[PDB]
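Geometric and topological summary
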Amino acid sequence: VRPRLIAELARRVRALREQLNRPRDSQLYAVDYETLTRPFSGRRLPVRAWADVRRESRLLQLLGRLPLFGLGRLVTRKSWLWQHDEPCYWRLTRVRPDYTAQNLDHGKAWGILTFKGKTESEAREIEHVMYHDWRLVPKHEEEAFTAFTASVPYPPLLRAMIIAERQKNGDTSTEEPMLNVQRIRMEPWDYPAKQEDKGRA
Amino acid sequence: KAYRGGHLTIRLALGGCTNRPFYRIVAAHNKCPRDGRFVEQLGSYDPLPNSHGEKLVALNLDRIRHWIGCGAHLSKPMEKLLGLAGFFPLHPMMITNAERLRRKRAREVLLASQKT
Amino acid sequence: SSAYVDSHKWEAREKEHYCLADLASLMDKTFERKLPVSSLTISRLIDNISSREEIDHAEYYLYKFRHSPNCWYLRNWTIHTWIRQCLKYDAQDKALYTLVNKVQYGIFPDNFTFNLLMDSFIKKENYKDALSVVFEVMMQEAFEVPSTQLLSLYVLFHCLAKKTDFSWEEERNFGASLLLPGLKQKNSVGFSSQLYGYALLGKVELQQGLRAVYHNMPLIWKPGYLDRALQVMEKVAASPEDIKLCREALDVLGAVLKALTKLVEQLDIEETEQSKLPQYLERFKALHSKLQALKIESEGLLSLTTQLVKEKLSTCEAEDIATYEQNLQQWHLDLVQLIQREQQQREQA
Amino acid sequence: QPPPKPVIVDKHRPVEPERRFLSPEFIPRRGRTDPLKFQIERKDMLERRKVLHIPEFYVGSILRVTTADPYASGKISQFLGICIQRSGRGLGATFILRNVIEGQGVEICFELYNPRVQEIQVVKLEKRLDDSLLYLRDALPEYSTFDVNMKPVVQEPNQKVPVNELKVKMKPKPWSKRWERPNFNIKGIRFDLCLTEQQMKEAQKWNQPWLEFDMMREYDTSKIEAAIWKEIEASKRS
Ligand SMILES: [Mg+2]
């Protein structure tokens, strides 16, 4: 068998150069509010977020106006609070801005979160930080804001199949068979996701 | 052919000449072509009626349950066929299509009553 | 309060005396090789500065540190070394510039240090600079401090000495800043200033909508600022003492002038504030009559009452200084560990 | 927002002050003639110096030159290159530049008082151990490979001249000038590698110590260079 070396050499060199001089956070997050197109990509923005990108600002721009980017300060998911009335927030624990940014308007930061007043015991990370959809809540109006408070039949064919099965078995079992649904954790769309799973250019 | 990632998916394969489709529900990878290779030929469907008028379809219940327990996603037309069968829940888009057709038919009958 | 203002310990405690040019060259090399650097270098630099252009070098290197791989630290004692180095050598233009573009430099003074700064402003007797600076403190959102009395003095004096009829930016800045000092729940002055701030915010909403209320200002989104004002006045009339000032007349003027004859953020079921204006004004007249039926002198000038605040001001200055000395000594305790931490590198070398 | 202003101040006292420097073409040649000729050509080149700046440089400095040529795109010609030597005296004084581009080595001889040259610029200012660097022809091309797009390396206004103490590798022996001899008194080349102990011992045959030990041939310059300083200051202030 003939081995090949230049292929692995090029793989190594490309990985090294990528990790070395990949485009920067702010560089690839920048947007021109007039044309609504990200530089380095030439892609247009979605119509639903055109207005948000025109009017509203970004999370790090909100956080740059207060010391230490406001550890423990009240920032809420505007999308969550428009999709539902209940309060939802982010117990931001760690923060790191990008040094190449001029206004320090980009970076990575996260901590514990809460959905519908349901806290979790893990400092898991944010979802969609770089959007123009972020709203900061002051230290006043905090407690009033953070205040918060069977089964289904089977399909007809499936239940008929089970009826015939247990009739062949010999037990009548007059009860209609059902499954559990309170166990099923049907989660809303907007429950966040992990960043390490999704890649980056 | 080892595909990058992908997943098992039961979907429709097309057979027969033009203007005579014959669908085949069959398990395969997400990345395979339409009539590409498969794993197990599960069931069939004919969208045209027979001499009696019936439209035929065959489903392999135990094997389909085995494949779902192993893990395989469903395509919208085949899961719609399953919902029509009743082994599977009915489709919300089908409900909406029926409701829209009924709204349109009521509107047309109203327009006809206005014209007459 | 010269004792509260000046302090010889800070200027005669732990001075380094390294070469300014050598520290400049070191920082330049480190920031040209763009590797991260500790705050010890900047601290020693600032402690060694004794000149105007040296403070300017510090400004440039602080900009570089903001744009350096690590800037979140921003140690309070380092920024206070900088603040002293600036204000003792009298660079008020530079101080104000940094403080206004904090996002460009990221200075974040604590309560006692900022109170020293504003006392120096009092001594030099300037008004517009202190006004802009208290707007920047409103941006900071730091008011759980004994400097709350100074902020109240400043705002209550400058809103009266303003002499500016129409200015939307400045009027929103006021209507937003007048709330935070009064949140300490102290007296008529406190909650009536809260009420007047609610009125100002409602006016700003009615005149330019709710967008600017929250876009570049951290505020709450409930459009019923007039409803909240009515609620406050109602609970006050129901309940203590109410030493009142005639800014209720300004509130009346605003309400009447607004009652006088694109993205939709408002909800459909909820009415339009334009159509609430009438019942707003009717309930406002109602609460006015209720208050005058229920304290109603309306002659005690609000800024004149802030000199009576100077007594408990001098009282709380005690624990203010105490906490300041605590912070100084604990800085000195935990900081010496970092000096030997830098010596660890030379020991390993 | 406006951008901040860069500021740097390093004030080590006995480093900043450098005193004077003369060009190698104001001084005349050993030959005999009336100093009136020198005075006239000097005042002419100074009346031209009032216009043209000729930024100070040395051999081994990288210079960029723009010249007005009658036939060219825009009738202007740009050229960047390493300075190999400064030759001639008076108005005819020239400097040589060299650069390898597209694998091929070009050299120019610029007259620094011609009017068709538009301006001079010092991208880098250095001094080599060898006063004349014509051995770069036989040297490897990578030593003379300098890019045109490189911007000027800004130097402090008053500092000593940087001298890069280095050595150079060379093409194999089939040369043109036979650089190994001692009459050239050059050191940048690496003949320890480029040739053998036997060949260097054979080359030291031509060693002539009486050249440098002799004392009647050299040319004392203090007098005439002082006079030149005087005349330069006079014509400048006038
Ligand atoms: Mg030859």
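Quick note: structure is the one above.
1. Points about the overall build of chain B
Across its full length, chain B carries 3 helices and 5 strands. Relative to the 2.2 N^0.38 estimate, which gives 13 Å for 116 residues, the radius of gyration of chain B is 19 Å and therefore markedly larger than a compact globule would have. Its C-alpha atoms give chain B principal-axis dimensions of about 65 × 30 × 25 Å. Accessible surface, chain B: about 8,300 Å² in total, of which carbon and sulfur atoms supply 58%. With 20 positive and 8 negative side-chain charges, chain B shows a spacing of 8 Å between the two charge centroids.

2. Considerations on the overall build of chain D
When you go through chain D residue by residue, the secondary structure sums to 6 helices and 5 strands. The burial tally for chain D puts 32% of its 238 residues in the buried class. Sequence separation of at least 24 residues holds for 66% of the intrachain contacts in chain D that already meet a minimum separation of 6. Split by element, the accessible area of chain D, about 16,100 Å² in all, is 56% carbon and sulfur. If the 42 positive side-chain charges of chain D are averaged to one point and the 33 negative ones to another, these points end up 1 Å apart.

3. A short note on the nonpolar core
Residues and elements named next belong to chain C. Judged by nonpolar contacts, the single largest core of 72 residues is most densely connected at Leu-117, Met-118 and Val-133. Ranked by the residues each element gives to this core, the list is headed by helix α10 (residues 128-140), at 8 residues. Contact partners of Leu-117, with chain neighbours within four places excluded, come to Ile-83, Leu-87 and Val-133.

4. Quick look at the side chain of C:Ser7
As for its placement among the helices and strands, C:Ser7 is situated in the loop between α1 (2-5) and α2 (8-11). At a separation of 3.2 Å, a polar atom in the side chain of C:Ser7 contacts the side chain of C:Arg84.

5. Considerations on helix α12 (residues 168-177) of chain C
Residues and elements named next belong to chain C. The buried count for α12 comes to 7 of 10 residues, which makes it a mostly enclosed element. Where α12 is concerned, the buried positions are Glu-171, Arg-172, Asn-173, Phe-174, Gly-175, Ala-176 and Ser-177. Contacts from the buried residues of α12 go to α10, α11 (148-158), α13 (188-208) and α14 (211-214).

6. Topic: the arrangement of the chains
Taken together, the 4 pairs of chains in contact show their highest number of contacts between chains A and C. Nowhere do chain B and chain C come into contact; their C-alpha atoms are at least 26 Å apart. The closest approach of any C-alpha atom in chain B to one in chain D is 44 Å; the two make no contact.

7. As for the interface of chain C and chain D
Many analyses report the size of an interface as the accessible area lost when the parts associate. Listed as interface residues are 12 residues of chain C and, on the opposing side, 10 residues of chain D. Taken over both partners, the interface formed by chain C and chain D buries close to 820 Å², and the fraction arising from carbon and sulfur atoms is 62%. Its largest share of buried area at the contact with chain D, chain C owes to C:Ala21, C:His57 and C:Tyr60, together 50% of the area lost on that side. Summed over the shared surface of chain C and chain D, the result is 0 salt bridges. Linking chain C with chain D are 3 residue pairs in polar contact, by the criterion used here. Mapped by element, the contributors of at least two residues to the side of chain C that touches chain D are α3 (20-32), α5 (52-66) and α8 (102-105) of chain C. Per-element tally for the side of chain C that touches chain D: the top contributor is α5(C), with 6 residues. Taken together, the residues of the side of chain C that touches chain D break down into 7 nonpolar, 2 polar and 3 charged.

8. Looking at the packing of aromatic side chains
Enumeration according to the criterion identifies 20 aromatic pairs over all chains in this entry. Measuring from ring centre to ring centre gives 6.4 Å for B:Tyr23 and B:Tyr45, while their planes differ by 40°; the resulting arrangement is tilted. Pair noted here: B:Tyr23 is in strand β2 (residues 22-29) and B:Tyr45 is in strand β3 (residues 40-45), with a separation of 22 residues, a long-range link. Assessed through its relative accessible area of 23%, B:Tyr45 is described here as partly exposed. Ring centres of C:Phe112 and C:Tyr324 lie 4.1 Å apart, and the angle between their planes is 35°; this geometry places the pair in the tilted category. Sitting over the ring of A:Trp82, A:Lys78 keeps its end group 3.7 Å from the ring centre.

9. Digging into unusual backbone geometry
Residues and elements named next belong to chain A. At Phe-40, a position not held by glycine, the phi torsion is positive, near 75°. With respect to the helices, strands and loops of the structure, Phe-40 is situated in the loop between β1 (37-38) and β2 (43-44). A residue is classified by how much of its surface remains accessible, and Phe-40, at 66% relative accessible area, is exposed. For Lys-116, which is not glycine, the phi torsion reads 60° and is therefore positive. Structurally, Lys-116 can be placed in the loop between β5 (107-115) and β6 (118-119). Judged by relative accessible area, which is 27%, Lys-116 ranks as partly exposed.

10. Some points on the pairing of strand β3 (residues 94-101) of chain D
Each regular strand shows side chains that alternate between the opposite faces of the sheet. Residues and elements named next belong to chain D. In terms of burial, β3 is a largely internal element, 7 of the 8 residues being buried. Note: strand β2 (residues 76-87) against β3, 4 bridges, orientation antiparallel. Bridge pairing in β3 places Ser-87 opposite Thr-94. Hairpin remark: β3 followed by strand β4 (residues 104-111), antiparallel, with 2 residues in the connecting loop; positive phi at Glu-102, about 55°.

11. Things to note about the environment of C:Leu151
Residues and elements named next belong to chain C. Of note, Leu-151 is situated in helix α11. Accessibility expressed as a relative area gives 3% for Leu-151, which makes it buried. Put simply, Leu-151 and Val-134 are 17 residues apart on the chain and 6.9 Å apart in space, counted from C-alpha to C-alpha. Those residues in contact with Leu-151, other than ones at most four positions away along the chain, are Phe-114, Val-134, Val-137, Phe-143 and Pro-181.

12. Thoughts on the sheet that holds strand β4 (residues 57-58) of chain B
Strand pairing in a sheet relies on backbone hydrogen bonds, with the paired strands running either antiparallel or parallel. Residue and element names in this part refer to chain B. Reading across from one edge, β4-β3-β2-β1-β5 is the order of the 5 strands in this open sheet, with mixed pairing throughout. The open sheet is flanked by β4 and β5 (73-74), the only strands paired with a single partner. By the bridge criterion, 2 bridges tie strand β1 (residues 8-15) to β5 in an arrangement that is parallel. Looking at β5, one finds that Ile-10 is bridged to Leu-74. On the sheet, helix α1 (residues 61-70) packs against β1, β2, β3 and β5 and is oriented at approximately 125° with respect to β3.

13. Notes on the state of the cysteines
Counted under the stated rule, the structure contains 0 disulfides over all chains. Residue C:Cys246 stays outside any disulfide, its sulfur separated by 13 Å from that of C:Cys159, the closest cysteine.

14. Some points on the interface of chain C and chain A
Contacts between chain C and chain A engage 29 residues on the former and 25 residues on the latter. Overall, the association of chain C and chain A removes approximately 2,500 Å² of surface from exposure, summing both partners, and the carbon and sulfur fraction of that is 61%. Among the residues of chain C in contact with chain A, C:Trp72, C:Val103 and C:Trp221 are the three that bury the most area, contributing 24% of the side total. Seen at the junction of chain C and chain A, the total is 1 salt bridge. In this structure, A:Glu141 engages C:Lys222 in a salt bridge whose closest nitrogen and oxygen atoms are separated by 3.6 Å. Where chain C touches chain A, the interface holds 8 residue pairs in polar contact. Of all the secondary-structure elements, those providing two or more residues to the side of chain C that touches chain A are α5, α8, α10 and α14 of chain C. Partitioning the side of chain C that touches chain A into residue classes produces 16 nonpolar, 5 polar and 8 charged.

15. Description of the packing of helix α6 (residues 76-88) of chain C against helix α19 (residues 309-348) of chain C
All names here are of chain C. Packing of α6 against α19 leaves a shortest axis separation of 11 Å and a crossing angle of 115°. Two packed elements cross with a definite hand, and for α6 against α19 that hand is left-handed. Facing α6, whose interface residues are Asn-76, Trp-77, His-80 and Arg-84, α19 presents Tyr-324, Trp-331 and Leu-335. Here the contact of α6 with α19 is built from residues that sort into 4 nonpolar, 2 polar and 1 charged.

What counts, and where the lines are drawn
- Residues numbered from 1 in each chain as written, not as in the entry; some residues may be left out.
- Chains lettered and ligands numbered in written order.
- Part of a larger assembly, values for the part shown.
- Heavy atoms only, no water.
- Helix = DSSP H or I, 4+ residues; strand = E, 2+ residues; numbered from the N terminus.
- Rg over C-alpha atoms; globule rule 2.2 N^0.38 Å.
- Areas by Shrake-Rupley, 256 points an atom, 1.4 Å probe, with all protein chains shown as cover.
- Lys, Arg positive; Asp, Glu negative; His and termini not counted.
- Charge placed at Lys NZ, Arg CZ, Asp CG, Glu CD.
- Buried < 20%, exposed > 50% of the residue type's maximum accessible area, 1.4 Å probe, protein only.
- Contact = heavy atoms within 4.5 Å.
- Core = buried A, V, L, I, M, F, W, Y, C linked by side-chain atoms within 4.5 Å.
- Polar contact = N/O pair within 3.5 Å; in protein donor to acceptor, adjacent residues only side chain to side chain.
- Buried area = accessible area lost by both parts, 1.4 Å probe.
- Salt bridge = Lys/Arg side-chain N within 4 Å of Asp/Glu carboxyl O.
- Nonpolar A, V, L, I, M, F, W, Y, C, P; charged D, E, K, R; others polar.
- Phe/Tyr/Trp six-rings, centres within 6.5 Å; stacked < 30°, edge-to-face > 60°.
- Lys NZ or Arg CZ within 6 Å of the ring centre and 35° of its normal.
- Pairing = 2+ DSSP bridges.
- Axes fitted to C-alpha atoms, helices over the stretch in contact; angles between N-to-C directions.
- Disulfide = S-S within 2.5 Å.
- Left-handed = near helix turned anticlockwise from the far one by under 90°.

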